[PDB]
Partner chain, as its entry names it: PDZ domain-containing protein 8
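Single chain ahead, written as structure tokens, the form deposited without its partner chain.
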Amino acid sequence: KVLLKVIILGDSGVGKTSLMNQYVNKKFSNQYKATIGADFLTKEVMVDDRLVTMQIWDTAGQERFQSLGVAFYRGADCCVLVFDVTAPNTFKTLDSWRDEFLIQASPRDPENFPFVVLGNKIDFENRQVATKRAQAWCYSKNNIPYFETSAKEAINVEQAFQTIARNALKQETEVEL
């Protein structure tokens, strides 16, 4: 019985909120309800012989909803990085999201911290960002795992979150100290 904090970072419009309500509640909606502030949802899951409670913190990509020195980050056990395959700008921002996270949570051993990158929205056909340069990018950065997901049609949502889970748990375990 173990608690995992998991934070979902990335630009506004990538579908951070939609991946959440899909994974947790198996529901999808077209209605873009801009995420004000930062809340969470819990999903209970089984990872490797162990019941895990995953607290999933969904944040506001916009700077329209920033207050104001967000230290909700720390105690994080896995940071999830979401870009939109139809928008090259949301992929370019990933380092900046990754840097910002590491400043804020500043976990010890920062470069073994579990990141997961989700190429959301592959249910569309106008993908701009190939699988190949995002596969590269996740590899350039300590070989972090990468899925191409769709919250709408629910492709790789479950699979990806099994990895989010398992990696969150390894990291939690690493607090032997």
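Residue numbers count along the first chain shown, from 1.
Although not depicted, the form solved in complex with its partner chain is the subject of the following passage.
Interface residue among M46, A136, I36, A130, judged by heavy atoms within 4.5 Å of its partner chain in the deposited bound form: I36. Shown alone here, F72 lies within 4.5 Å of its partner chain in the deposited bound form, counting heavy atoms only. A residue is said to contact a partner when one of its heavy atoms sits within 4.5 Å of a partner heavy atom; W57 meets this definition for its partner chain in the deposited bound form. Its partner chain in the deposited bound form comes within 4.5 Å of no heavy atom belonging to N142.
A residue is said to contact a partner when one of its heavy atoms sits within 4.5 Å of a partner heavy atom; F40 meets this definition for its partner chain in the deposited bound form. In the deposited bound form, the residues of 2-17 lying within 4.5 Å of its partner chain by at least one heavy atom are, in order, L3, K5.
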